[PDB]
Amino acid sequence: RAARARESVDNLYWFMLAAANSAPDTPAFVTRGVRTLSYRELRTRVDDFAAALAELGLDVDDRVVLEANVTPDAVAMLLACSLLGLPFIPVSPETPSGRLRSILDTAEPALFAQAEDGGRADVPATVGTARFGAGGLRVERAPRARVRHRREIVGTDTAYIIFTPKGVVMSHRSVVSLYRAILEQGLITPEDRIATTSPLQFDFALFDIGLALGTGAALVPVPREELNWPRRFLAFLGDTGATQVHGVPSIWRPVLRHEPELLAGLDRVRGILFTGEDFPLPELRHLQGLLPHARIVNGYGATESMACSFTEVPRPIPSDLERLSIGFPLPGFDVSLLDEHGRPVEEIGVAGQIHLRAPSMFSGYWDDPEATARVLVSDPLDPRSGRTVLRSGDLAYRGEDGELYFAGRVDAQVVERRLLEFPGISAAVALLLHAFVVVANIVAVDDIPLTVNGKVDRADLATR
C-alpha cells in the first residue's frame, strides 16, 4: 500500500545504494576506536527505517523533519524517506527551538524524527514524533491519519527542502543530475575516504554524502566537537584515514593558527574541497604550502542548483593573484553574464549577474511563488520558449580564456581583499563602514564569528 520509487526512476535511494548491489562489503562509513559500516549493512538499515515509515500511512510529498548531524543513522533515514517519496527537511540539533518552530509552522511536516540520544522536546502535537537508532525507528506520537492519493513516485518528486523562512525545494532528478555531472568530472574514486564537516541542514553535507556513496567510496563524518580543537581534528583525520577533506574555508582557520606543523603530517590527504565563500588567499597559500601533495578545489554554487563549478587552484598559487577563478560550469551546465537590462556582457573583466542553465534546478521556494518568479525566470536569451534560468544574485566576470571570477552579490553593493594585501592580515571582513581583520573604523580580532554552517557571521559582527 506504500508507494516505493522504482529502480528505473531518479531517486536518492537507488543512486546512493547502487554500491550495495556491486560491492556490498566495501566500507560506506568510517566513524569513532575506528569502525567501518558496509554498503550492505547501510542498505539493511535504510530498508528497516523504510518499513517503519511505511506503516505511518504518509502520502508522497508529505514532509519529515530530520533533526541530526551526518551519521549512518541520519543518512539511512533520508534514504528511507527518499524511497517512499517523503521529502526530508534536514535540521541541525544546534538549531534554537525558536527557529525549529518557525520551520515547523511553514513546512507543516507530518513527522519530526531525531536520534534516540537527541534532546529535542516541545515539538507541537499537530506534528508526529519518532526516534531512530541501529535498533530501529520507534514512534512516540503517530502522525494524523490521511488518505494516500499518489500511485507512483517520479524523478520530479521532492527529495529534500533546505530551510534558512526560505525553503529551497529540490527534486530527486535535480540532485542526482548534479551527482552525475561531478561523478563524470572524476573528482574522487571508490578508494577515497571523504572527511565531511558540514552540518546536515547545509546541502554541502548532502553533496558530500551523495558524491561519496554514489561513487562507492567511504564517508568520514567529522563531528563538530572534533572540529573545534585543532589537534583533536587532525588526530581524527589521521586515525580515520581521510584522503579528502570537505568544508567551508573556516574549518582550516584554527589549524593554520595553532598547529601548522601537525597539519603538514596528513600524509594520506590527496584532496581538499571548499565552497560557501571566498577562501582568504593568505590562509589558502599557507594550507597549500603545508600540504603540497593535496589537490585543492574551489567549488562554486548555491542551494537552488546545489552546485555549478569545480576549479582546481593553481599549484602553487601566484603570490600576487588578486582573485581565485570559479572556472567553468560542469558539463551540461551553462552561465550567461547579463547586465542590469538582461543583455549579455561580452567585455572581458566586466561584471554581470550569473544566469545559470542547469539540470539540477530547484522546483521553487516553499510556499513563496512570488520569490520563485523573481529568481527562476524566463531565459533572457530565449524568453519565448518558457525555458527558465537561475537569476543567481551573484556577480561575476570572465578572463581571457572564459573562466569566471566571483565578484560578490548584486544586493551587497551600496575593501576586504585590498586589506588582505597588508602584511599580517590573514582574514578581513568589511560591512555597512566598519572593518574587522585577523592578524572609517578598523577592529583587529583573534577569530571571525561563524554561522552554524561555518560562514562569516556578518550579522554578529554588525552588532559590535
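Note that residue numbering begins at 1 and tracks the sequence as displayed.
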| property | result |
| --- | --- |
| Deposited residues omitted from coordinates between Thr164 and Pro165, as a class | 4 to 9 |
| Between the two ranges 53 to 61 and 416 to 424, the one averaging a larger CA B factor in the entry | 416 to 424 |
| Of 333 to 341 and 118 to 126, the stretch whose C-alpha atoms average the higher B-factor in the entry | 118 to 126 |
| Member of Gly241, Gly135, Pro223, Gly276 with the greatest C-alpha B factor (per the PDB record) | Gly135 |
| Highest recorded Cα temperature factor - choice among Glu346, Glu283, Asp157, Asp208 | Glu346 |
| Assigned third (lowest, middle, highest) for the C-alpha B factor of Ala396 | middle |
| Among modelled residues of the same chain, the CA temperature factor third for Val456 | middle |
| Lowest, middle or highest third - CA B-factor, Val34 | highest |
| Modelled-residue ranking by C-alpha temperature factor, third containing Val443 | highest |
| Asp382 - which third its CA temperature factor falls in, relative to the rest of the chain | highest |
